[PDB]
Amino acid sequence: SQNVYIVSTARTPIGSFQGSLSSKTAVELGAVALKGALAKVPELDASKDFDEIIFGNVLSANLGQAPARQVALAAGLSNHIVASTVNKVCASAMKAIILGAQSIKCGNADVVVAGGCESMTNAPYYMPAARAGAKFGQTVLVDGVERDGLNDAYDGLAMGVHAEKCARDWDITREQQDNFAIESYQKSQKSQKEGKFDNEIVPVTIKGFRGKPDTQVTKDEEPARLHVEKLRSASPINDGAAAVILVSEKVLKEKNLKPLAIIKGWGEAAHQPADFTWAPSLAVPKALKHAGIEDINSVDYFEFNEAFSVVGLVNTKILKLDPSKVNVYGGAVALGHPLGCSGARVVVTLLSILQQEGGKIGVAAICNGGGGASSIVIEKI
C-alpha cells in the first residue's frame, strides 16, 4: 500500500568454520553489522527513530533470550524497539526483510531493521538424554549444526546430498558442478581484489588473547582457500551477519534521507523438501509478478545465494537467464553460507552490484532447507 526504501546496508566479513570469527557470538556479529548500517544514516536517531527489528537466525541454541532483541540493544538502539527473531533456515534473513517491508506497508512501523546473523562455529552440541537420564548404555551427543542447520528433517540427509540428487535429476554432471564451483571461486577472489565488497563490509574487532594484540577481520575468509585438486579428486559452514534499514516514504521525506533502492516486490514458494535447490525457479516468477515486471529480461542483475554449484546451474537454466547477468561477484559456494545471515547478504551484495556495475533492477533469491525459496526485487535510485 506504500513504498519501502532501503536507506542503509552493511555486513561483516564471512568467517570460515572454526576460523577468523570463532571468538564472536552470533549476537555480537549481528551488533557489528547493525552498528555498521546505523553509522551511514545519522539522520535516524538510535534513541527514538527505530520502531522494529526482525532478525534472521537458525541456530539459536545458547544465544540467550531473544537474539534479535540482544542485537538491537547491543547496537545501541532504544529498548522501545519491537524485536522478533525469524527462522526460515537459509532464507531467514530474506524473510526478515519481507516481514519488515510488510510491516511498513501496513502502517504499523515507519523504520525497520532487518537482516540476520549466524555463528555455525559456536552452535553447541546437544545432549537429548541429559535431562531424564541415559539409564544404561551409550547415548549420542548431537551436533546442532547438523541437526538444526544442515540436515533435512524428513530423511536426515545433508543439504549437499540433496544438491547431488538435484544434479542427477536435471542431468548436470559432476564435472559441470566442479567447473562452476571453481569459476565461482575465481570470480569471488577477483571481486575481492578489485574492492567490490569494500563498501558493504564493516570489520570485526578480535580481542587479542592475553598479551597478544587486538586485530580486525576485514575480508571474507573462504575465497582464498580454494583447492582445485581436492575438489575434483560438501556443506559450507560459516559465520557472519548482515543488516539492512528499511523506511517508509514519509520518513524518507521528513528526515531527508537518501534512498539507495526501493523494494519493488517479493515472492516465496516451496515444494518437495529434497528439491529445495530449484525452488528459486518458483519464487522468482512470483516476485516479478508482485513487482509488476512482465518481462524477465528487464532485470539487469540476479543474485542467487548459490551455496551449491547446482543451484546456480539449474535455476539459470530453468529461468532461461543470461548467465552474464547472474552472480557476477561469485556466490556462497566460494564466499561461504552463514545460514541465518545469507538471505540479507544476497540483497546487500545485489545492491552493491546495481550501484557499482550500473544496474537499475535487481532480483535476489535464496533457496532453503525444507523445500522453500524466497525472492526479492529491488530498484536502485
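Residues carry their position along the shown sequence, with the first being 1.
In this entry, residue 233 and residue 234 are separated by 10 or more residues of the deposited sequence that lack coordinates. Higher average CA B factor: 290-298, of the stretches 108-116 and 290-298. Per the PDB record, of the two stretches 48-56 and 320-328, 320-328 carries the greater mean B-factor over its C-alpha atoms. Comparing the C-alpha B-factors of 240, 124, 280, 213 in the entry, the top value falls on 213. Within the listed group 258, 88, 131, 147, the record reports its top CA B-factor for 258. For residue 349, the recorded CA B-factor ranks within the middle third of the chain. Only modelled residues enter the ranking. Residue 208: CA B factor in the highest third of modelled residues in this chain (values from the PDB entry). In this PDB entry, residue 189 carries a Cα temperature factor that places it within the highest third of its chain's modelled residues. When the modelled residues of the chain are ordered by C-alpha B-factor, residue 135 sits in the middle third. Ranked by Cα temperature factor within the chain, residue 95 sits in the lowest third according to the deposited record.
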